[PDB]
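Undergrad: got a sequence here, can you build the structure:
(chains A, B, C, D and E, ligands or ions: 2)
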Amino acid sequence: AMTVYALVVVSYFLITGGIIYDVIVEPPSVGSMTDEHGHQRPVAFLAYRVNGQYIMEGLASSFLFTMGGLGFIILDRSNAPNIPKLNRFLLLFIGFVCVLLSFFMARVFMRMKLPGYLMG
Amino acid sequence: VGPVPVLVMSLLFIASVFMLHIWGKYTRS
Amino acid sequence: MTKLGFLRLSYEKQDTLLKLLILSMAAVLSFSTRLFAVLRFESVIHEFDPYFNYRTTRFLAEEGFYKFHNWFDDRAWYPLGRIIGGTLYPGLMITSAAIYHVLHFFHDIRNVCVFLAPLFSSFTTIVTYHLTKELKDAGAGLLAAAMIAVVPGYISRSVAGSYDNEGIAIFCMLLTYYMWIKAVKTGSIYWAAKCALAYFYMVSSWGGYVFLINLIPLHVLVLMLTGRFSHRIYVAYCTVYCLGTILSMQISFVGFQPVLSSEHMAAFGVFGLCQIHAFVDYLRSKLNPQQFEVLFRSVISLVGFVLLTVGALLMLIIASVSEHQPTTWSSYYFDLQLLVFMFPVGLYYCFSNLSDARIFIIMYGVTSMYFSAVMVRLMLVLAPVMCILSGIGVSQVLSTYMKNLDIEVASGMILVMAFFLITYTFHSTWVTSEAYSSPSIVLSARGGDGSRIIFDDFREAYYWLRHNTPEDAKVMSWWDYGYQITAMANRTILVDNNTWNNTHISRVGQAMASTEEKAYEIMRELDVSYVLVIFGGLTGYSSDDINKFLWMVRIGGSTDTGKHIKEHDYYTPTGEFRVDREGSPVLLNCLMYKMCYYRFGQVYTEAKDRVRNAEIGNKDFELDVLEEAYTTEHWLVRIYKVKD
Amino acid sequence: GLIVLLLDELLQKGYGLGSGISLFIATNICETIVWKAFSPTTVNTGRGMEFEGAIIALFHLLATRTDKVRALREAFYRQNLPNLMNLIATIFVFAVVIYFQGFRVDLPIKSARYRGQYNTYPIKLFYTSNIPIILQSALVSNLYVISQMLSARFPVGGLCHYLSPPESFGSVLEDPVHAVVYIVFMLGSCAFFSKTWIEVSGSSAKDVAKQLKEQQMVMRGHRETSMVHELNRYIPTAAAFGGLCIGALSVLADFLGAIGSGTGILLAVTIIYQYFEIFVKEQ
Amino acid sequence: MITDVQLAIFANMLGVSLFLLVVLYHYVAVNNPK
Ligand SMILES: *[C@@H]1O[C@H](CO)[C@@H](O[C@@H]2O[C@H](CO)[C@@H](O[C@@H]3O[C@H](CO[C@H]4O[C@H](CO)[C@@H](O)[C@H](O[C@H]5O[C@H](CO)[C@@H](O)[C@H](O)[C@@H]5O)[C@@H]4O)[C@@H](O)[C@H](O[C@H]4O[C@H](CO)[C@@H](O)[C@H](O)[C@@H]4O[C@H]4O[C@H](CO)[C@@H](O)[C@H](O)[C@@H]4O[C@H]4O[C@H](CO)[C@@H](O)[C@H](O)[C@@H]4O)[C@@H]3O)[C@H](O)[C@H]2NC(C)=O)[C@H](O)[C@H]1NC(C)=O
Ligand SMILES: CC(=O)N[C@@H]1[C@@H](O)[C@H](O)[C@@H](CO)O[C@@H]1CP(=O)(O)OP(=O)(O)OC/C=C(/C)CC/C=C(/C)CC/C=C(/C)CCC=C(C)C
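TA: Numbers count the residues shown, from 1 in each chain, chains lettered A, B, ... in the order given. Ligands and ions are numbered 1, 2, ... in the order given. Right below this line is the structure:
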């Protein structure tokens, strides 16, 4: 059934996110040492070592991934057929899903560049 | 709302809060 | 000139003109891409791993010959030794020695273990096309073949300069799916015999077939519950099962194991239940659904369950190495950029048009996701999976959206997918240059902007061992450098990586111990001539036996004194690590703080050893039981003239 | 303040179907259940960080601790944080209140000048769902707890004994005076504010009569302006009882802690339930 | 012998040529009937 697909996409970001860092769990975001004045500002996603993450890093990554895929699901399931409201609902659907697609890929590109320092 | 600026007006207000919140926090740490 | 281009007889012929065009220059890409890791620096072998393979590789073209010669060595593992009873898989080696049976007859041995992997990639990107023809389309694979041609992590673990034991296991595995999936789709049993004969090539090389028979029958188990049996599942499945078991039975690593281990034993139980359920379907379809089929249904069920009871009664440093630890999205999306995004897409399409063949790939999309959740080294198993279904996914999205127009939404949706996807091939071009274009035996250093220091202490020291040492010798340092010492040195050794005898490795921890009087006695037990250790102190990011020293510290076996208690000394006595003057004094009397350190108070200044950011100041020059054998060029390895 | 003003008055003459106001209250009440639905943080007590009355909390709790009997006991009798017995009672209240929304009085109507169409006018007991009458019950007890701040100069103690509920799951908690006066004030306040409320925001006797004459709908039994006396013997009682057995109903929202937020959550989802009817109306 | 960066630009243009030509295939395959 399609509920099995629901189960799998549920499992998707669940084991993209943090099952690897369930036992190696590293707490969410604080690592600044006063930087000049202000003591313990929580920093970010980890950047210097590549393999590590925190809980807050992983969840964000997983969320970015499944929304993109299910945006393509929405492109398939409704935008290619022609049955519903042919000027109001459809245009919304392609609009927000194209927004999903473009801004999602853009921000994930940003969230690999800034933790990664890769030449873009 | 013959016009949509009232919404835009609300957005402006949040930005004023949004930006002005961290704007004083710029000089602090 | 010659304007007859796009009016040739396309979809029949110019179809194939474009087909074989992509099957040329896409396959160019995989082999070409691997190359700049060895074009940039090396000539022969990057990692430490291909040395132990390369030695026996050139052996089994020099003198050994597998059908008439397996082989024994006393050169490794003094005094125990290891032989082709271990090292699962000559499928690398027989491949390489076959290639320079042939091409050497056509006329080198340098160029056969280093050029091989690019070759593997090229071949694999053409077998993935003939695979993906069978799934959606020939059009589905023509974007999918490029995907495994330049998925950079699959490039990364098999680069130009790789010769890993799983270096061509992937090709076999992929091939066995071409050799399974139109046997399932068409029960052609000559062709399924060709399938099992291909399976033997995988079941040689790398132990992922313990994975594969975790995969293939339990997939079949899925086809119980979805109920989509036929003959043409069954008639193809019995062949590669039962004949494949005997072809595994030929091999030693899996030996009488295909009788006995908990995975493929349950796979055998699944084969038995499958062949019963085929037979059950056959009978009882000539008879009615009477009462008496329920009666001997009870009879045959009780005989089957008592078979289940008789079966259930009778049931007969690696973690530390940084890569076997679990990985996040960096191995992920850093690994597999656009091709993560498209992974559910075709999978949705595979749950849209859920055909008979595609459910196997869906199970293969589940399982390898679950397994590359824990080992980034196992990431290679998910290396083509993603490229399969994303290969479907774009070829769904593209097909539906060049559908609509030329026969404004498609004036975006086609138009994004170029720059959406080809940014991928920017990433694949260059992440391959960043992380993975660096060998293990030659370390790139820092310090200048023009003609900067980027320099070969391993070949300097190992080639000292290959000139100025006796023939019969000792090599003992630590196990993860065990093959390379057998690369150029031709020197007899005690330990090595694998780890089939754990006790033999555990008394090397008492050879790298606290008490020099007992450690040197354990040395004198084990026929010493030479000892090695590696530094990393004054540039940091190199390894060695001082940061896997915690591993040595807690390694414990056949011991009662010292190595019993995991602390031994090494903490500040509240329980925190220090090594220096503020460190701990039995560590000062341990080996590795004096084993390594001689005359280092006298050479560097300004309070360094960048690994610890340590200090000069210990007297620390006390060779109670040894002498120096190599005063170093770049503090690299102090070779130990083992003194009486 | 001006923003909430503009958003409410652009959802009365504008879109407005529920209100601006009542659907704000409803959605914020959805959220106040929802923070109790999944709950990420907990400041660590004597044991057991990061699990405060979520079902995820009572699913992560099974993953951490052994001795699953004392994993059940903390799941079902959790006091200081939200509880899952609390969530069962919260669900239970939702079911009963929609049992009582469907209480309605039917009145069939021969339309004037058309043969026998019977679009029967109903009178539901909740009777505008008392978005006046509960907020009548709420905001007077909010304005003094605003103006106890002027009592600090010229209190949370002695003034509280007739101000608030007694907050205790122990029904025989240490003051029956506070309990009796609180419940009697709740019941009497909603009933009294029904019998005073209906005279202003519509649907009193003359209101209904002039709307039905104004939309040409006449009761069959008698003459058009006897319709008043046809239905004047329903609307006040279906005000008053319609007041009364909401507040006592909110007694059952407090007497048993099955409410994520209490009284108010019962009644903002009652807003939603009437709200669904309003949206459906135009189909 | 060719350099590293020349090979990088090589792989870039080859992959771009490859994927665009895939799109061209996918057009010719979707358009012309069976
Ligand atoms: C992986 O690597 C591992 C490390 O490299 C490797 O592990 C090693 O494996 C070898 C092979 O088995 C082990 O050697 C054996 O160890 C036995 C352990 O005995 C312990 O307990 C005894 C008391 O119960 C102690 O006596 C004994 O030694 C102590 O005393 C010594 C002298 O004082 C001293 O040097 C020791 O350090 C220690 O203090 C130890 O503590 C040991 O019993 C055994 O000795 C027998 O075998 C030797 C030949 O293999 C003979 O030289 C020796 O004299 C003994 O011979 C007996 O057995 C023979 C047949 O086995 C007979 O022919 C002999 O006549 C004699 O038989 C007498 O005793 C029999 C009962 O045992 C009886 O049936 C007979 O009738 C007769 O009465 C041997 O040394 C080694 O210990 C392992 N090391 C470690 C660290 O684990 C492992 O094998 C590798 N893995 C693989 C798969 O290969
Ligand atoms: C040069 C060298 O050292 N070779 C040795 C080799 O000779 C030796 O036999 C071997 C063992 O010592 O190790 C050296 C070579 P290697 O490291 O590549 O082998 P390895 O350690 O066995 O590697 C193991 C990798 C695998 C891919 C095997 C399977 C791993 C598993 C965790 C089991 C999975 C279970 C399944 C049902 C499969 C499907 C997956 C699901 C359902 C999640």
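Undergrad: break down the chain into its helices, ranges please.
TA: All of this is about chain A. Taking DSSP state H as the criterion, chain A contains helices spanning A:2-17, A:20-23, A:55-74, A:89-116.
Undergrad: could you do chain E instead?
TA: Listed in chain order, the helices found in chain E under DSSP H are E:4-31.
Undergrad: find the centremost residue of it, please.
TA: For chain E, the residue sitting closest to the mean C-alpha position, by Cα atoms, centre = their mean, is residue E:18 at 1.1 Å.
Undergrad: same check on chain C?
TA: With Cα atoms, centre = their mean applied to chain C, the nearest residue to centre is residue C:166, 4.5 Å.
Undergrad: contacting residues around the nearest residue to residue C:582 once chain neighbours are set aside?
TA: Closest residue to residue C:582 in three dimensions, ignoring its sequence neighbours and counting by Cβ to Cβ, 6 or more residues apart in numbering or on different chains: residue C:572, at 7.3 Å. Heads up, the C-betas are built off the backbone N, CA and C, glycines and all. Neighbour list for residue C:572: C:578, C:582-584 [criterion: Cβ atoms under 8 Å, 6 or more residues apart in numbering or on different chains].
Undergrad: buried ones from the residues you listed, can you make that a ChimeraX selection?
TA: Applying 16 or more other Cβ atoms under 10 Å in any protein chain shown to the contacts of residue C:572, the buried members can be selected in ChimeraX as follows:
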select /C:583,584
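Undergrad: which two of the contacts of residue C:572 have the greatest separation?
TA: Greatest spatial distance among the contacts of residue C:572 (Cβ to Cβ): C:582 and C:584, at 8.9 Å.
Undergrad: hmm, the helix or strand containing residue C:387 touching ligand 2?
TA: Following DSSP states H and E, one finds residue C:387 within helix C:382-401. No. Contact between helix C:382-401 and ligand 2 is absent, the nearest approach being 10.5 Å (criterion: Cβ under 6 Å from any ligand atom).
Undergrad: now that helix, how far from the chain's geometric center?
TA: A distance of 25 Å separates the C-alpha centroid of helix C:382-401 from that of its chain, computed with Cα atoms, centre = their mean, to the nearest Å.
Undergrad: wait, does it contact chain E?
TA: Yes. Part of helix C:382-401 sits close enough to chain E to count as contact by Cβ under 8 Å from any Cβ of the partner chain, namely C:395, C:398-399.
Undergrad: highest neighbour count among these?
TA: Using other Cβ atoms under 10 Å in any protein chain shown as the neighbour criterion, residue C:395 leads the residues of helix C:382-401 next to chain E with 27 neighbours.
Undergrad: wait, that one touches residue C:136, no?
TA: Yes. Taking Cβ atoms under 8 Å as the definition, residue C:395 is a contact partner of residue C:136 at 6.1 Å.
Undergrad: for the residue of chain E found nearest chain A, give me its contacts.
TA: The shortest separation between chain E and chain A is 11.3 Å, found at residue E:8 (distances taken as Cβ to the nearest Cβ). Residue E:8 makes contact with C:36, C:429-430, C:433, according to Cβ under 8 Å, 6+ apart.
Undergrad: residue C:376 is in contact with residue C:327, correct?
TA: Yes. Using Cβ under 8 Å, residue C:327 and residue C:376 qualify as a contacting pair, with a distance of 3.7 Å.
Undergrad: shared neighbours of these two, which are they?
TA: With the criterion set as Cβ under 8 Å, 6+ apart, the overlap between the contacts of residue C:327 and residue C:376 is residue A:51.
Undergrad: the most centrally placed residue in chain A: what's it in contact with?
TA: The structure's chain A has its C-alpha centroid closest to residue A:64; by Cα atoms, centre = their mean the separation is 1.4 Å. Under the criterion of Cβ under 8 Å, 6+ apart, the neighbours of residue A:64 are A:104, A:107-108, A:111.
Undergrad: how many other residues sit next to the nearest residue to the residue nearest to the centre of chain C once chain neighbours are set aside?
TA: Distance criterion Cβ to Cβ, 6+ apart; nearest residue to residue C:166, sequence neighbours excluded, is residue C:206 at 4.3 Å. Around residue C:206 there are 24 other residues, counting by other Cβ under 10 Å.
Undergrad: thinking again about what came up before, just checking, the residue nearest to the centre of chain C touches residue C:211?
TA: No. Taking Cβ under 8 Å as the definition, residue C:166 is not a contact partner of residue C:211, at 11.2 Å.
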